[PDB]
Protein chains: 2
Amino acid sequence: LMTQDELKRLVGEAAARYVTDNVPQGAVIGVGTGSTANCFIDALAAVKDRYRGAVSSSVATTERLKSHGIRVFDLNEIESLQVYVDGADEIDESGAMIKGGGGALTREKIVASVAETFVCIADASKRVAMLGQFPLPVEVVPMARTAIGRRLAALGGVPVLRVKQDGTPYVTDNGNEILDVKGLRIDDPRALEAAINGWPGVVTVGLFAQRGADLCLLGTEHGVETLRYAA
Amino acid sequence: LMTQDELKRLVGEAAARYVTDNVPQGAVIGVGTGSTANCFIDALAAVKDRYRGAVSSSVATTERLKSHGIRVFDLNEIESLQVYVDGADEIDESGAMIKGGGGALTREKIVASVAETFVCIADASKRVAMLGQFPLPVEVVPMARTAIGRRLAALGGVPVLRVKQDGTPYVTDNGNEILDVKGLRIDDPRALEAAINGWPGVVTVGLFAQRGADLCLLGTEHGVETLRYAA
Ligand SMILES: [K+]
Ligand SMILES: [K+]
């Protein structure tokens, strides 16, 4: 019996081993966001002296990295990254992911765009036949909130403006709102990502499909599976 | 002999006439940004009582509209717009435009997305055989500045971070930077818009091509020409 937390530790450790097996000494590591990514951070901390530091995908991740004395570089200082290690809210058989549930959509997608290899770390619950039962985050310019909402509704999506504990709109780092869209059945993630990216007022869509996972270390009740997807 | 300012007044007046000819009493008018759009604002002000008010594409436009006592609605309050009247930095034969030179890229593209009809108002200098000699504005998340720069450079573009008079980075309403990209020869604006929109870290690209002009009132030294483009 392994709890979800134990499966997350297991994939975090497995990703640290993937990095030490595949990424040479002195490298800068691209680092994701979320509870699973935090397990990877803690595991990577035990070999931190082998690497020059990290690029971070969120304030929360930067904070955790610094709590281990890991140097954090601004992505603008970095020309390339071999690896980016991050979770997913969902991942399908093509390696397309929904991400952004905890809000860091935009910076995750930026760091992922620079990295040669996206290593998804996930417990078994994240692997789904078809994306969309986890609500799709769409980061939007505030003046476009209802325009984008209408476009999502025309697809049968149920758009929910993300709110704080106090019921005022969650606002991201770039002064933007998030619409979490429910009820979509995303049988073609690449095509839907392209469509949503064509909408003025969309900042980032939490479909990582045109650039999805290159591999996934999936923590199951029978151990870690390594899933690989087409370059 | 008509100066450029006189040609801009001429198309502003022509667009006011287009609105009163085509947009019924009580409508809300979508309003662009820039010196040409300001001529249209001044002309529309003379028939302002015929319309309920306006949606604005910038702080500057909101200010000018209010200076005429025109009511300004937040786009989120508005379900549809018949018309959006705005300038362009350049427009080609397909009605594709480069816009954003004066910074309001993102809100212009949002309001344009809601309007059924985009009326471009421009003096004759704006009509070009091929887009790109006017630098292409790309609004970008700051952490993605160099990543997007590299992608533009790979196309032969020369990306220039927009700066204020004091040489600190211009920062937009959403806390974002602008890269003005020179040296592109944009023979397929729709294809390049789609490509740039697929880049994480891009907020808005100042190519209006997938949704371009529906018509253009072009102020020439022989009067206003009405150019029309495929729905
Ligand atoms: K997240
Ligand atoms: K502008």
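Taking the criterion of being β-branched (V, I, T) and more than 27 Å from B:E139 (Cα to Cα), the only residue of region A:86-118 that qualifies is A:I91.
Here is a yes/no grid of residues against (1) away from chain A (no Cβ under 14 Å); (2) within 23 Å of B:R211 (Cβ to Cβ); (3) more than 16 Å from ligand 2 (Cβ to nearest atom):
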| site | (1), (2), (3) |
| --- | --- |
| B:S58 | no, yes, no |
| B:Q82 | yes, yes, yes |
| B:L105 | no, yes, no |
| B:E108 | no, yes, no |
| B:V128 | yes, yes, yes |
| B:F134 | yes, yes, no |
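Scanning region B:70-110 for residues that are outside any strand (DSSP E or B), more than 17 Å from A:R150 (Cα to Cα) and over 10 Å from the mean Cα position of the chain (by Cα) turns up B:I70, B:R71, B:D92, B:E93, B:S94, B:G95, B:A96.
From the list A:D49, A:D21, A:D74, the one residue that fits, being surrounded by fewer than 18 Cβ atoms within 10 Å (Cβ to Cβ), acidic (D, E), over 18 Å from A:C216 (Cα atoms) and away from chain B (no Cβ under 14 Å), is A:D49.
Contact map, region B:11-39: first residue among the acidic types (D, E), second residue in a helix (DSSP H, G or I), Cβ cut-off under 6 Å, separation 6 or more or different chains; pairs are B:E13/B:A43. Let me spell it out: the conditions are (1) more than 29 Å from B:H222 (Cβ to Cβ); (2) within 13 Å of ligand 2 (Cβ to nearest atom); (3) touching a strand residue (DSSP E or B) at 6+ places or on another chain (Cβ under 8 Å), and B:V114 meets all of them except one. Which number is the exception? B:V114 satisfies all of (1) more than 29 Å from B:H222 (Cβ to Cβ); (2) within 13 Å of ligand 2 (Cβ to nearest atom); (3) touching a strand residue (DSSP E or B) at 6+ places or on another chain (Cβ under 8 Å) except (2).
Give the residue, chosen from B:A147, B:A115, B:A122, B:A153, that is loosely packed, with under 15 Cβ neighbours inside 10 Å, of a type in the set (G, A, S) and away from ligand 1 (no atom under 16 Å from the Cβ). Result of the check over B:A147, B:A115, B:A122, B:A153: B:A153. Just one residue in the set A:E63, A:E79 is within 16 Å of ligand 1 (Cβ to nearest atom) and surrounded by fewer than 22 Cβ atoms within 10 Å (Cβ to Cβ); that residue is A:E63.
Against the list (1) under 19 Å from A:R107 (Cα atoms); (2) in contact with a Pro (Cβ under 9 Å, 6 or more places away or on another chain); (3) buried (at least 19 other Cβ atoms within 10 Å of the Cβ), the condition B:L184 fails is (1). Residues in region B:1-36 that are within 13 Å of B:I70 (Cβ to Cβ) and in a helix (DSSP H, G or I) were compared, and the one that is farthest from ligand 1 (Cβ to nearest atom) is B:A16. Note on region A:173-189: residues that are within 18 Å of A:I91 (Cβ to Cβ) and in contact with a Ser or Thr (Cβ under 8 Å, 6 or more places away or on another chain) total 1. Look at A:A144 and say whether it is within 9 Å of another protein chain (Cβ to nearest Cβ) and at negative phi. When the stated conditions are applied, A:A144 passes them. Whenever a residue of region A:49-70 is assigned by CATH to the domain that holds A:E116, its partners that are among the acidic types (D, E) and more than 16 Å from ligand 2 (Cβ to nearest atom), lying with C-beta atoms within less than 7 angstrom and at least six residues away or across chains, give the pairs A:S57/A:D86; A:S57/A:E108. All told, A:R151 falls short of being more than 12 Å from chain B (Cβ to nearest Cβ) and either of a type in the set (S, T, N, Q) or more than 16 Å from ligand 2 (Cβ to nearest atom) (or both). Taking (1) away from chain B (no Cβ under 14 Å); (2) of a type in the set (A, V, I, L, M); (3) touching a residue at least 40 places away in the same chain (Cβ under 8 Å); (4) not in a loop (DSSP other than H, G, I, E, B) in turn, A:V160 satisfies each apart from (3).
The values are calculated or read from the model by the stated rules, or taken from the named source; nothing here is a laboratory result. Here Cβ is always computed from backbone atoms with ideal geometry, including for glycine, and neighbour counts include all displayed protein chains.
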